[PDB]
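K.L.:
so I pulled this structure from the PDB, and the sequence comes with it:
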Amino acid sequence: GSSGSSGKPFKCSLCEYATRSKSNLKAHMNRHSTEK
Ligand SMILES: [Zn+2]
């Protein structure tokens, strides 16, 4: 078979976060980047 649409286009590579805009995901991925 093949992968589904997962309800939203931009699903985070680390967590269950997802959004309808790539710039909004990019802002969420910056939180994962700065957290240490
Ligand atoms: Zn995330």
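P.N.:
That came in fine, so what should we check first? Numbering: from 1, shown residues only.
K.L.:
what are the ranges of the helices in the protein?
P.N.:
For the chain, the helices defined by DSSP state H occupy 22-34.
K.L.:
who's in contact with the residue nearest the centre of it?
P.N.:
The centroid of the chain falls nearest to residue 12 when counting by CA atoms, centre = their mean (2.5 Å). Contacts for residue 12 (CB atoms under 8 Å, 6 or more residues apart in numbering) come out as 18, 25, 28, 29, 32. In this view, the C-beta of every residue, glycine as well, is placed from N, C-alpha and C.
K.L.:
ok, the nearest residue to the first one once chain neighbours are set aside to the ion distance?
P.N.:
Residue nearest to residue 18 in three dimensions, not counting chain neighbours: residue 8, with 3.8 Å by CB to CB, 6 or more residues apart in numbering. Here the criterion is CB to the ion, to the nearest Å. By it, residue 8 lies 12 Å from the ion.
K.L.:
from memory residue 8 sits against residue 17, does it?
P.N.:
No - applying CB atoms under 8 Å, one finds residue 8 not in contact with residue 17, separated by 9.2 Å.
K.L.:
okay, these two: which has more neighbours?
P.N.:
Higher neighbour count among residue 8 and residue 17: residue 17, with 16 against 12, using other CB atoms under 10 Å.
K.L.:
now that one: closest residue in space, sequence neighbours ignored.
P.N.:
Nearest one to residue 17, counting by CB to CB, 6+ apart, is residue 28 at 5.5 Å.
K.L.:
kindly report the same for residue 25.
P.N.:
residue 10 is the one closest to residue 25 (CB to CB, 6+ apart), at 3.9 Å.
K.L.:
verify the stated contact: the one you found with residue 27.
P.N.:
No - checked against CB under 8 Å, the pair residue 10 and residue 27 is beyond contact range at 10.8 Å.
K.L.:
is it true that residue 25 touches residue 14?
P.N.:
No - applying CB under 8 Å, one finds residue 25 not in contact with residue 14, separated by 11.0 Å.
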